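Novice: Please read through the structure below; I'll follow up with questions.
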Amino acid sequence: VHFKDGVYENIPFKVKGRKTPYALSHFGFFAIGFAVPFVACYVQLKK
Amino acid sequence: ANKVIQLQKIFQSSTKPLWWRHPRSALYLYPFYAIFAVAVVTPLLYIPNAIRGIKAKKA
Amino acid sequence: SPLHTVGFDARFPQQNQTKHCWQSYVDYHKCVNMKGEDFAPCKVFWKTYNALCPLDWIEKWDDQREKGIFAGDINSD
Amino acid sequence: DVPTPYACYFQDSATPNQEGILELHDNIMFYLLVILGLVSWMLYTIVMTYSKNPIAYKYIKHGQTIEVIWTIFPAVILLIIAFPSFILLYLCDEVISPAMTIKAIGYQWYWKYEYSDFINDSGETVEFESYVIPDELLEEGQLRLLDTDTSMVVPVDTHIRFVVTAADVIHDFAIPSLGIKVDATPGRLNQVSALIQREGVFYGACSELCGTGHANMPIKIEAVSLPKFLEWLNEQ
Amino acid sequence: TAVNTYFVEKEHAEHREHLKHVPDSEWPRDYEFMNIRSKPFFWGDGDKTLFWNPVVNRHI
Amino acid sequence: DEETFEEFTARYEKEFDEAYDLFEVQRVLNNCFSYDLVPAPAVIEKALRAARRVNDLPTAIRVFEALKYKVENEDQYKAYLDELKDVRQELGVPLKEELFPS
Amino acid sequence: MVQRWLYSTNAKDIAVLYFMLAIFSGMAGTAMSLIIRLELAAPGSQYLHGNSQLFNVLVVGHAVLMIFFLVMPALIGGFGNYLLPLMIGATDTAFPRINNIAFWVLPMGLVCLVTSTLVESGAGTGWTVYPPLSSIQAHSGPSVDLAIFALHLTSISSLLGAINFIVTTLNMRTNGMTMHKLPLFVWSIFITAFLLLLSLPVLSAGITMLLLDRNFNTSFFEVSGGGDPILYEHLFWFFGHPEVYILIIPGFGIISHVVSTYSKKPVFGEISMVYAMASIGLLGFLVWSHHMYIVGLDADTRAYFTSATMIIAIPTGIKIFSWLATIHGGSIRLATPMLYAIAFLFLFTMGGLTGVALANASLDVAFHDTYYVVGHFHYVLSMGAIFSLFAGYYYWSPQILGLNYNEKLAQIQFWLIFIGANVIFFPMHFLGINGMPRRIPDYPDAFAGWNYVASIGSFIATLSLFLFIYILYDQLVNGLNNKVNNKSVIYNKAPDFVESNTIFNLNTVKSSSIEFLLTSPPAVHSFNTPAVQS
Ligand code: HEA
Ligand code: HEA
Ligand SMILES: [Cu+2]
C-alpha cells in the first residue's frame, strides 16, 4: 500500500502489455468519446 | 476469551487475504452474487435482441 | 377607448392580479342576489370585472352557480 | 417588426416605453463600452510595455488613499447610472390611464387570445383560435414559424393592458417590437401596461419551454386603421 | 398532556367507523377537486388499485 | 505604507559584513534593484565592491549595464552617463566598445 | 494492486481519477454539443428527423452533463485534496471512506442518468425542472426519478467533500500559520465549501420534495390543487447563483496562485481582498433573486433586488484591477499560463459588462428571456470554467507528473480554442439585438450565416479537443524526450537581469509553498513532519 514512488504509476492504468500498449484501451476511449451521442441518436432516430 | 487469543495467534502465524473469517458466508454470497446477478441482469437487455437490428428504414 | 376609461389604477396598481377577481365579484354577487330590484350602489366598477379581470373566470363562476356546484372555496351564506 | 437576416439594428419601436428603455439602455451600453475600452487599453499597454520589462517591482501593496478612491468610484458610477434606471422603473411599473384590455391564455403547444373587452355584436365576447402552420401546410403565402392560423389585431393609439395567464404550462407572450414579455403561470395572473403608437405588423414566438410542440407556437400580431380594427372586432 | 390527548382522541376521533354505510344526504359540497381522471393502472388483480381501500370513492 | 527604505540598506551592509560568497551579492543586488529607489553613488560603490570582493568582472558588467538600464525614471540619461563615467574611471572596466558594435 | 484505484486512501489517486471522469464527461458533452449545433447549423431536418422531444432531450443532456460532471468534480476535488491539506503541513487527509463512498455512489448517478436519457419518453425540460413543465404527463417513464437520484447522490458527494475540506482547514492547521494571512486559494476554497454547505441542502430538500410529488402523487407545486412551484423556482435560484459562485471562485483562487507564483510580485491588496472575498461569501445569500423580476413581485422588491445586485458587483472590478496591478510593474513571460489568464480575464470583463447591462430591472422587461441573457451566461460560464480548467491543467501537469508538455502544441491549442470562442461569441450581440428565439429545433432561416459560423467555431473546438487528446498521447509517449530537449518548457519563470546562471540554477523557484520543489508525488505517507513557517 506504500510502494508507489510516483513517477509513472500514478495513472490508473497499466503501461505494460503487448496486446494493449496504450493502443487498444485508448482506441476504446476514442470510440466511447462519440459512442454515447451516436447511440442516443440511433435509439430513436438515424445518424 | 479462550478463542480470541487462538484466533489472534492463527492470524499472526498465517497472514492471508479474505480475512479467513466468513468462508461459508463467502460461498453463499459471491458465487450466488455472480450467477444470480447474471440471471437477473442479462434478460433485461436480452429481450430486445429479437427487436435489435433497427436501421431506421421506412417505406 | 380614447386612452382613458377608468383613469389611474386604484383597485390594484400592481402587475400581479391573482387575488383580484374574487373580491371584485363577491360584492357584485352580494348586491345582485339580495333583492333583485336596485343595483345602483354596485353600478360603478363594471370595468373592474369586465376588462381588468378576465371574463373566463367570471363565466366559469356563472356556469358553476347555474349548475349548483361551485369550485371556489366560498361560503353558502 | 420582423426578424431579418444579417440585421444590424433593433426593430422599430412600437410603444413609448420601448423607445425610452432602448434609449436608456443605449446610454448604459455607451458607458459600458467606454469602460471596456478603458480596460482594453490597460491590458494592451501593460502587456506591450512589460513584454520586455527590465525590473519587477515588489513593494507596492495598498496605497490606501488612492485605493479607496477607486473603491468609491464604482459606487458613485453605479448610483449615477441607476438614477435614470430608478426613474425609468418607477415610471414603467405604474399604469397611467389604461383604456382597454386584451388577454392571451394559450393552451399547450399553441396560442389562444381573448378579446373580451370588445363586444362582437351585443354583449357577447370576441374569441378566436390560432394554430401553427407546419411544412406540409406551408403553401404559397405563408411563412414557416412566422405565420399562424389567425393574426392578433391591436387597437392603435390606445392604452392596453395584457392580462396574461396560462392553463397547463407557462407560456411566454413575446412581442419584441412592443417591448412586452411576461411568463404566464397557469395558476397565476399577470398584467402589464403598454400602448401601440404606429400601424404595422409584428411577429413573436414562445420564449419559454412548453413541451414536444414548444417550437411550433408562434405569435403573429398586426396593426390596422381604427375603423378597420373596430369592424374586425365587430364581425368576429 | 398524554392522558388528555388520549381522552380527546377516544372521544372526537371515533365517528368515522360508520362512514362506510351512510345515506347520500349530508355529503360535502365537492367539485372538480375530486372525481377526476388519472393514469390508467394495470398492475395487480384486485379492483386494479394500488391498495385495497374501497372507501376513497363512494361513487360507483 | 511608505515604509522606511534605509532599513533595507542597513540590512544590505550587515549582510555584507556576513557575506560569504557571490550568492549574497546576487541577492542584495536583486533586492536593491527591485525597489523603486534609485541607488546613490555611495550604495552603488558598495554593491560594486561587494561584487569585486570575489573579483568577478562579469558581475561588474552586470551591475554597470543594470545601472544603465535599471529604471526608466522618465528617461534619465545625463545623470546615468556621468555616474557610469565616474564608476568606470574609479577602477576601469571597458566593455561598451564590444557589445555596442554588434 | 487494485485497492489503489478502488480504495485509494490517498488524495492524489482520487484527484487524478476525478480528473479522468470529468475529462471524459467533458469530451462526451463537447461531441454531443457539436452534434446539436450541427442540427442547428441549418433550419429543417438534415441529420435528425425533427423530433423536438429528442431535441430537448439532448439539450438537457448537454446542460446537465457539463454542469454536473465536467465543471464540478475535478476542478474542486483535485485542487483541494492536492493543495489544501498538503501545503498546510498535514501528513495525510482524513475520511478516505467518505471519498470512496462518494466515488462508488457516483456510478449510480451515471448509469441512472444514462438510462433516463436513453428511454423513449425521457426528461427534456432543460436545466429548469419547475413543474408543471417537468410534469410526468409529458416526460413519462423513470427519467425524472433517475435524474432526482443522480442529483441527490452528487449533492451528497459534494457536501461530504466540502465537509472534509472544512474540517481539514479547521483542525489540521500547522502551529506556525496565522489565519488572517492565509493564501487566496485557501480562502477561496473555504468560501466555496461554506457556500456549498449552505446551498446544496436547500436544493436537495427541493429535489426530494419533487420526488415525493412524482412518486406519491401529492399536490405541492402542481398548478392544480393550489400549489406554488415558485417556491421550488426560488430554491433552484438560491442553488444556482451560489452554485455559480462555487464554480467561479476556485477559478479566481487558481488564477491568483498562478499570477503570484509567476509574476514574482505580491498581489495588490491581498489581505484587503481576502476580507472582500469573505464579505462576498457572507453576502451571497442576498443577490440570488435578480432573475425573477417578471414573476410578479412588488416594485419595492424589484428595487431592493436590483440595489443588492449592483451593490455587490464592485468586487469583480476590484479583482480585475488588483490582478492588473499584480501583472503591473513586474515581469510577464510569453508562457501559456500568462495568455490563458489574460484571455480569461478579458472575456470575463466582457461577461461582467453584459451582466451589468442586465443588472437594470427596467431594461429587463424587454431584455429578459431574449437572446442576450443566454449569451451572457454562456459567456461567463464557458470562459470561466473552460479556461480555468485549461490553465489549471497546463499549469499543474508538471507539478503532478513531472513530465514536460510541449510549448508549441499548447500554444496552437490555445489559439484554436480562442479563435473558436471569439468567432462563436462575437455575433451574439447582433443575435441578441435582433431577438433570436431560444430553444427552437427549427429556427427561422434569417440567422443562417450566424448559425454557420457558430457551427464552424464548435467544430474548431471539437478538433481542438482532438488536439487535447493527441497532446495527452504525445506527453505520455515522449515525456522523456521533452525532458531531454528544449521542445517543452523546462522552468515556470524566466530569470531577471539580476541573476547569475548558477544562482538561478540553484534558486529556480522562490514561491510561497514547497509543492513546486516537492518531488513527483511520493508514496501514501508524505509530509511526515509538520511544516514550520515564520
Ligand atoms: C457550464 C456552462 C456551460 C458551458 C461551458 C456551455 C458551453 C456551451 N454551450 Fe451551453 N448551455 C448551458 C451551459 C453551458 N454551455 C446552459 C445552462 C444551457 C441551457 C440549458 C437548457 O435550457 O437546457 C445551455 C444551452 C445551450 C444551447 C441551447 C440548446 C438549444 O435549445 O438548442 C446551446 C445551443 O447550441 C449551447 C451551446 C454551447 C456551446 C457551443 C458551448 C461551448 O462553449 C462548448 C465548449 C466547451 C469545451 C471547450 C469543453 C472542452 C472539453 C474538454 C475535454 C475539457 C478538457 C479539460 C480538462 C479536464 C483539462 N448551450
Ligand atoms: C461567472 C458568473 C457570473 C457573473 C460574474 C455574472 C455577472 C453578473 N450578472 Fe449574471 N448570470 C450568470 C452568471 C454570472 N453573472 C448566469 C448563469 C445567469 C443565468 C441565470 C438565469 O438568469 O437564468 C446570469 C444572468 C443574469 C441576469 C438574468 C437576466 C434576466 O433577468 O433574465 C442578470 C440580471 O440582472 C444578471 C446580472 C449580473 C451582473 C449585474 C453581474 C455583475 O456582477 C458583473 C460584474 C462585472 C462588472 C462590474 C464589470 C467589469 C468591471 C467594471 C467596469 C467596474 C466598474 C463598473 C461598475 C461597478 C458599474 N446575470
Ligand atoms: Cu446574482
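Novice: For chain D, treating each Cα as an identical point scatterer without solvent, what Debye log10 I(q)/I(0) comes out at q = 0.10, 0.15 1/Å?
Specialist: Here log10 of I(q) over I(0) equals -0.63, -1.09.
Novice: May I pose another question? Could you compute the net charge surrounding A:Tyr8? Neighbours are other residues with a C-beta less than 12 Å from the C-beta of A:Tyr8; K and R count +1, D and E count -1.
Specialist: +1
Novice: Amide H of D:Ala223 versus every other amide H placed in the peptide plane: which residues, excluding those fewer than 5 positions away on the same chain, fall under 5 Å?
Specialist: For D:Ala223, the qualifying residues are D:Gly200, D:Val201, D:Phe202.
Novice: Near G:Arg439, within a Cβ-to-Cβ distance under 13 Å, what is the net charge of the other residues, with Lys and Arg +1 and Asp and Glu -1?
Specialist: -4
Novice: For D:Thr158, enumerate residues with amide H under 5 Å from its amide H, sequence gap 5+ or separate chain, H modeled in the peptide plane.
Specialist: HN-HN under 5 Å from D:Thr158: D:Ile196.
Novice: I'd like the orientation of helix B:4-13 relative to chain B: the angle between its Cα long axis and the longest Cα principal axis, in ° from 0 to 90, rounded to 10.
Specialist: 70
Novice: Report the Cα centroid-to-centroid distance between the stretch D:124-163 and the stretch G:373-399 in angstrom, as an integer.
Specialist: Each part's Cα centre sits 44 Å from the other's.
Novice: From largest to smallest, what semi-axes in whole angstrom does the stretch G:3-506 give when each is the square root of 5 times an eigenvalue of its alpha carbon gyration tensor?
Specialist: 37, 27, 25
Novice: While we're looking at this one, here's another question. So how far, in whole Å, is the C-alpha centre of the stretch G:449-509 from the one of the stretch G:187-202?
Specialist: After rounding, the separation between the Cα centres reads 33 Å.
Novice: How many angstrom lie between the Cα centre of the stretch G:34-60 and the Cα centre of chain C?
Specialist: Comparing the Cα centres of the stretch G:34-60 and chain C, I get a distance of 47 Å.
Novice: In the protein assembly as shown, with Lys and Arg counted as +1 and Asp and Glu as -1 at Cβ, which of these residues, G:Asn434, D:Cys206, G:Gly457, has the Cα nearest the positive end of the dipole, that is, farthest along it?
Specialist: Positive-most Cα among the choices belongs to G:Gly457.
Novice: Relative to the longest principal axis of the C-alpha atoms of chain D, give the angle of the C-alpha long axis of helix D:226-235, reported between 0 and 90° and rounded to the nearest 10°.
Specialist: Between helix and principal axis, roughly 50 degrees.
Novice: Summing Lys, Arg as +1 and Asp, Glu as -1, what charge do residues with Cβ under 12 Å from the Cβ of D:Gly200 carry, D:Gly200 excluded?
Specialist: In short, -3.
Novice: In Å and whole numbers, how far do the C-alpha atoms of chain F stretch along each principal axis, longest first?
Specialist: So the extents along the principal axes, rounded to whole Å, are 42, 34, 22.
Novice: Now for a separate question. What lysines sit close enough to F:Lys46 to cross-link, taking a C-alpha to C-alpha distance under 23 Å and skipping anything fewer than 8 places away on the same chain?
Specialist: Here the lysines satisfying the reach criterion relative to F:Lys46 are D:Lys58, F:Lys14, F:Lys68, F:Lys70, F:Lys78, F:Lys85, F:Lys96.
Novice: In degrees from 0 to 90, rounded to the nearest 10, what is the angle of the helix G:299-311 Cα long axis to the longest principal axis of chain G?
Specialist: It works out to around 20 degrees.
Novice: Pop out the ³J(HN,Hα) list for the stretch G:149-157 in order, Karplus 6.51 cos²θ - 1.76 cosθ + 1.60 with θ = phi - 60°, rounded to Hz; leave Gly and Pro as x.
Specialist: 5, 4, 4, 4, 5, 5, 4, 4, 4
Novice: Who wins for biggest fluctuation among F:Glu18, F:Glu74, F:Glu83 in a Gaussian network model of chain F, springs between alpha carbons below 10 Å?
Specialist: Checking each option, the largest mean-square fluctuation is seen for F:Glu74.
Novice: Within chain D, which is the longest segment containing none of the GluC sites (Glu not before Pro) that sit in a DSSP loop and have at most 12 other Cβ atoms within 10 Å?
Specialist: After excluding every exposed loop site, the longest remaining stretch is D:1-123.
Novice: Please give every one of the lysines within straight-line cross-link reach of D:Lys228, meaning a C-alpha to C-alpha distance under 20 Å, and leave out same-chain neighbours fewer than 8 residues apart.
Specialist: D:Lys220
Novice: Output wanted: per-residue J couplings in Hz (rounded whole) for the stretch G:67-72, from phi through Karplus 6.51 cos²θ - 1.76 cosθ + 1.60, θ = phi - 60°, x for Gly and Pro.
Specialist: 6, 9, 10, 10, 6, 6
Novice: Okay, next question. Normalise the Cα radius of gyration of the stretch G:334-390 by 2.2 N^0.38 Å (N = residues in it) and let me know the number.
Specialist: Ratio of Cα Rg to 2.2 N^0.38 Å: 1.32.
Novice: Hey, got a sec? Which trypsin sites (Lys or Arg not before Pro) in chain B land in a DSSP loop and have at most 10 other Cβ atoms within 10 Å?
Specialist: Listed in order of number, the matching sites are B:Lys3, B:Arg21, B:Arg52, B:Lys55, B:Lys57, B:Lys58.
Novice: Can I ask one more? Per DSSP H run of at least 4 residues, take -39500 (n - 2.57); add these up for the protein assembly as shown, divide by its residues and hand me the 222 nm value, nearest 500 deg cm²/dmol.
Specialist: That calculation yields -17000 deg cm²/dmol at 222 nm.
Novice: Output needed: percent of Cα pairs per 20 Å distance bin for the protein assembly as shown, bins running from 0 to the one holding the longest distance.
Specialist: Bin by bin from 0 Å, the calculated values are 9, 34, 32, 18, 6, 1, 0.
Novice: Also: Tell me, what HN-Hα J-couplings in whole Hz come from the Karplus equation 6.51 cos²θ - 1.76 cosθ + 1.60 at θ = phi - 60° for each residue of the stretch D:81-89, using x for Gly and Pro?
Specialist: 6, 8, 4, x, 5, 4, 5, 5, 5
Novice: For C:40-50, what's the mean count of beta carbons from other chains sitting within 10 Å of each residue's beta carbon?
Specialist: Across C:40-50, the average partner-chain Cβ count within 10 Å equals 1.
Novice: Further question on the same structure: Sorted from largest down, what three extents in whole angstroms do the Cα atoms of chain C have along their principal axes?
Specialist: The Cα atoms of chain C stretch 40, 30, 19 Å along the principal axes, largest first.
Novice: What is the mean number of Cβ atoms from other protein chains located within 10 Å of the Cβ atom of each residue in peptide B:46-53, rounded to a whole number?
Specialist: What the average comes to for B:46-53 is 0.
Novice: Of the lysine pairs in chain G, how many meet both conditions: Cα atoms under 27 Å apart, and a spacing of 8 or more in sequence or different chains?
Specialist: The number of close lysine pairs in chain G is 28.
Novice: Shifting gears a bit: In peptide D:99-105, how many Cβ atoms from other protein chains are near each Cβ within 10 Å, on average?
Specialist: Other-chain Cβ atoms within 10 Å of each residue's Cβ, averaged: 4.
Novice: So, one more: Explain nothing, just the number: dipole magnitude of chain A about its Cα centre with +1 on each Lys and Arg Cβ and -1 on each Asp and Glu Cβ, in debye rounded to the nearest 20.
Specialist: In debye, rounded to 20, chain A gives about 240.
Please note: Cβ atoms are built from the backbone with ideal geometry, for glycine as well, and neighbour counts cover all protein chains shown. Every number here is computed from the coordinates shown, using simple stated rules; none is lab data.
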